[PDB]
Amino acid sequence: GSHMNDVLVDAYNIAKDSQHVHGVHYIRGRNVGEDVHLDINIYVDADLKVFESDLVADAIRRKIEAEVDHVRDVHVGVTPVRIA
């Protein structure tokens, strides 16, 4: 039936403990038929380079797509934060 709960938990848990993630900013799940479309946005250090943040988002995407059932069209966005 609904797979949202599993998708959101498993995806969040992947994102929150990936490298360079200071914390999850937001997560959004939308049901479309049997699929869940997922948008996650992660906080990263404002001083990270673009190439590095691009790799992080892509890794998180790859891992969610590999391990989380019922997911479609996963998007991982990044928000800079100043780290004291």
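Each residue number is its position in the shown sequence, starting from 1.
Compared with the other modelled residues of the chain, the Cα B-factor recorded for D45 ranks in the highest third. The entry lists a Cα temperature factor for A57 that places it in the middle third of the chain's modelled residues.
When the modelled residues of the chain are ordered by their C-alpha B factor, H20 lands in the middle third. For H75, the recorded CA temperature factor ranks within the middle third of the chain's modelled residues. When the modelled residues of the chain are ordered by C-alpha B-factor, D69 sits in the highest third.
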